[PDB]
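Visitor: If you scroll down you'll find the structure; I have some questions about it.
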Amino acid sequence: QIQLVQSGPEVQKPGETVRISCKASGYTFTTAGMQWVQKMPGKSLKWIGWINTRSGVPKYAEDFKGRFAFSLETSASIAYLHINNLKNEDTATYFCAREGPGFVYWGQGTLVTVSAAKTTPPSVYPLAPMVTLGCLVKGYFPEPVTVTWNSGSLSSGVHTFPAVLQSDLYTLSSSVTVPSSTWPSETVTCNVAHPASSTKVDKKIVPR
Amino acid sequence: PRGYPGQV
Amino acid sequence: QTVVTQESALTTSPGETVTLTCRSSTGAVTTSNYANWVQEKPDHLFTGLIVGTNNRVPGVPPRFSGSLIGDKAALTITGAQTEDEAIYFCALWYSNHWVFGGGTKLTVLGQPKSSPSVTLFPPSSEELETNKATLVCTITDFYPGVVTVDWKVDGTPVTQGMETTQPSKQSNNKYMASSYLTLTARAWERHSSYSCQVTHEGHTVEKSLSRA
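Chains as they are written, first to last, in my numbering: chain A, 219 to 426; chain B, 29 to 36; chain C, 320 to 531.
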């Protein structure tokens with residue numbers, strides 16, 4: 219089976235460099251070119267270029283030439299993407315994909331986040347008016363946070379939404395729907411953990 | 029078709 | 320610029336023949352464009368389906384084929400299956416550059432359609448003390464997983480300061496999304512009514528609140 223396996227997610231500051239690996243198996247490495255593709259959050263795909271795995275000659279898209287470069291470690295069947303002098307706008311998932319012509323087999327992708335933000339714990343705000351309650355988990359960095367309700371006692375009807383990256387910080391929300399006869403009669407509390415800052419906070423939801 | 033110049 | 324365009328979204332029941340298309344803004348698509356079709360599943364799981372216009376990638380099910388239709392490249396799924404619900408992207412080799420289309424969300428109905436449940440939340444007192452005001456629109460239980468979200472403040476469409484997540488799959492295989500309107504406390508005090516309007520399958524569900 220042909221497999222392309224990429225290195226893990228990266229968090230870097232602007233001006234630094236990131237290096238992503240793409241390990242190929244299941245075929246002879248030097249018999250097909252390797253392409254690289256950028257997918258910025260919520261947007262479509264952009265072709266970065268390819269590298270010939272026999273000759274090592276790269277071809278770069280004009281929009282990426284300069285800070286983006288390809289290299290090979292042929293004996294290990296690994297291709298690399300290097301991005302220098304990182305910019306906030308380089309924040310994207312990067313994919314390697316084998317020729318071809320085009321994009322036949324794909325790596326799993328590597329998330330690269332470029333931010334000057336310091337590790338920052340979230341501010342947690344109650345969302346209040348079946349009744350639906352929530353908590354707003356605002357302005358944290360980096361990902362992830364975990365959200366539970368009543369220490370995990372409330373699990374049915376819980377939805378935790380994907381984060382938005384805004385002004386170099388993340389925001390998400392979580393909601394829970396409970397019988398209206400049950401709140402505010404009994405307490406409903408959102409427990410939010412941010413592993414990177416080693417913080418946890420509880421926020422009880424009270425009528426607004 | 030006109031040839032593809034990539035490594036295939 | 321070379322702009323490659325695809326249908327935004329298509330919905331089908333299982334068993335139907337569905338045809339996706341891929342157009343170039345600058346001319347006809349021909350076999351010289353080596354059209355590729357790739358599939359994205361959650362999350363950012365990409366699979367190559369077709370390369371070189373009509374070459375099925377080995378291991379891809381036989382129901383997928385590629386061709387040209389008029390001036391465009393086409394992907395045909397002959398007998399759509401629920402596992403084919405995904406985003407499909409084309410790429411064309413055009414003027415010696417690979418250019419990707421914007422993707423087509425294909426829904427292959429695995430359950431009955433479902434209208435969104437919409438909840439709009441006002442800013443907390445806690446947040447207002449920081450001189451900021453975020454309104455939160457939560458949108459759950461919708462299927463197909465395609466919505467448009469618009470905000471209005473006192474009737475005025477909001478064009479700035481709002482962010483909406485891409486739909487994501489719930490554990491019941493419906494979809495959810497959230498939208499945020501970010502204001503200053505000064506803006507919050509200057510306005511009365513706030514509305515989140517979610518359009519799904521041609522119908523709009525609106526929720527509103529008043530500051531006072």
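Cβ coordinates follow ideal geometry from the N, Cα and C atoms, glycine included.
1. Check each candidate in A:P276, A:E361 and A:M348 and name the one with the smallest Cα separation from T400 (chain A).
2. Once you ignore the five residues that flank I369 (chain C) on each side, which residues in its own chain have a CB closer than 8 Å to its CB?
3. With a Cβ-Cβ cutoff of 9 Å, do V468 (chain C) and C515 (chain C) count as a contact?
4. With 16 as the cutoff for other CB atoms within 10 Å, does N352 (chain C) come out buried or exposed?
5. What number of angstroms, rounded off, separates the C-alpha of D390 (chain C) from the C-alpha of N373 (chain C)?
6. I'd like to know whether the C-beta of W324 (chain A) is nearer than 9 Å to at least one C-beta of chain B.
7. I'd like to know whether the C-beta of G226 (chain A) is nearer than 9 Å to at least one C-beta of chain B.
8. Residues of chain C with CB closer than 7 Å to the CB of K422 (chain A), please, in chain order.
9. Applying a beta-carbon distance threshold of less than 7 Å, which residues of chain B neighbour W412 (chain C)?
10. Return the first residue and the last residue of the beta strand (DSSP E) that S239 (chain A) is part of.
11. Less than 9 Å between CB atoms is the rule here; does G244 (chain A) satisfy it with respect to chain B?
12. Looking at C-alpha atoms only, which residue of C:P463, C:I396 and C:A399 is the closest neighbour of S434 (chain C)?
13. Does the count of Cβ pairs from the stretch 232 to 252 of chain A and the stretch 342 to 355 of chain A closer than 8 Å reach three?
14. In this structure, what does DSSP give as the bridge partners for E482 (chain C)?
15. Please list, in chain order, the residues of the stretch 503 to 519 of chain C that have any C-beta partner in chain A closer than 8 Å.
16. In chain order, what residues of the stretch 346 to 357 of chain C put their CB closer than 9 Å to some CB of chain B?
17. Going by CA-CA distance only, name the one from A:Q326, A:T337 and A:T405 that's closest to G367 (chain C).
18. Answer with yes or no whether the minimum CB distance from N415 (chain C) to chain B is below 9 Å.
19. Just to confirm before moving on: does the CB-CB distance between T475 (chain C) and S498 (chain C) stay below 9 Å?
20. Can you grab the Cα-Cα spacing for the pair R272 (chain A) / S293 (chain A), in whole Å?
21. With 9 Å as the C-beta to C-beta threshold (strictly closer), list the residues of the stretch 416 to 450 of chain C near chain A in chain order.
22. Kindly say whether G318 (chain A), judged by its beta-carbon, lies nearer than 9 Å to any beta-carbon of chain C.
23. Look up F408 (chain C) in the DSSP assignment and say whether it is helix, strand or coil.
24. Is there a C-beta anywhere in chain A that falls below 9 Å from the one on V370 (chain C)?
25. Please confirm if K277 (chain A) has its CB atom under 9 Å from at least one CB of chain B.
26. Keeping to the same chain, check which residues put their C-beta closer than 8 Å to that of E335 (chain C); ignore five residues upstream and five downstream.
27. Check whether the Cβ of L394 (chain C) lies closer than 9 Å to any Cβ atom in chain A.
28. If the criterion is Cβ atoms closer than 9 Å, does the pair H363 (chain C) and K257 (chain A) meet it?
29. Alpha carbon to alpha carbon, how far is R530 (chain C) from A315 (chain A)? Give it in angstroms, no decimals.
30. Should the stretch 289 to 306 of chain A be regarded as contacting the stretch 349 to 365 of chain A, the criterion being three or more beta carbon pairs within less than 8 Å?
31. Quick one: list the residues of chain B neighbouring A250 (chain A), beta-carbon separation under 8 Å, in chain order.
32. Shorter than 9 Å from the beta carbon of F461 (chain C) to some beta carbon of chain A?
33. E482 (chain C) versus chain A: which residues are under 7 Å apart at the beta carbon?
34. Between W268 (chain A) and chain B, is there a C-beta pair that is closer than 9 Å?
35. Specify whether the stretch 408 to 422 of chain C and the stretch 328 to 343 of chain C touch according to this definition: at least 3 beta carbon pairs, one from each stretch, less than 8 Å apart.
36. Quick one: give me the first and last residue of the beta strand (DSSP E) that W254 (chain A) is part of.
Guide: By the coordinates alone:
1. A:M348
2. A354, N355, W356, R375, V376, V379, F383, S384, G385 and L394
3. yes
4. buried
5. C-alpha separation (whole angstroms): 15 Å.
6. Taking 9 Å as the threshold, the shortest C-beta distance from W324 (chain A) to chain B does not fall below it.
7. no
8. By Cβ distance, chain C contributes nothing, its closest Cβ being about 12 Å from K422 (chain A), past 7 Å.
9. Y32
10. From DSSP, the beta strand (DSSP E) with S239 (chain A) extends over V236 to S243.
11. no
12. Of the listed residues, the one whose Cα sits closest to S434 (chain C) is C:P463.
13. Short answer: they don't touch.
14. C:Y499
15. none
16. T349, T350, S351, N352 and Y353
17. A:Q326
18. yes
19. It is not a contact, given that the beta carbons lie outside the stated cut-off.
20. 11 Å
21. Those would be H416, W417, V418, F419, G420, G421, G422, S436, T438, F440, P441, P442, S443, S444, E445, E446 and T449, in chain order.
22. yes
23. strand
24. yes
25. yes
26. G398 and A399
27. no
28. Less than 9 Å separates the beta-carbon of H363 (chain C) from that of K257 (chain A).
29. When rounded, the separation of the alpha-carbon atoms in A315 (chain A) and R530 (chain C) is 51 Å.
30. With the cut-off at 8 Å, the stretch 289 to 306 of chain A and the stretch 349 to 365 of chain A do not touch.
31. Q35 and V36
32. no
33. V382 and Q384
34. Interface residue, yes.
35. Touching, yes, given that three or more Cβ pairs across the two stretches are closer than 8 Å.
36. Its beta strand (DSSP E) spans residues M252 to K257.
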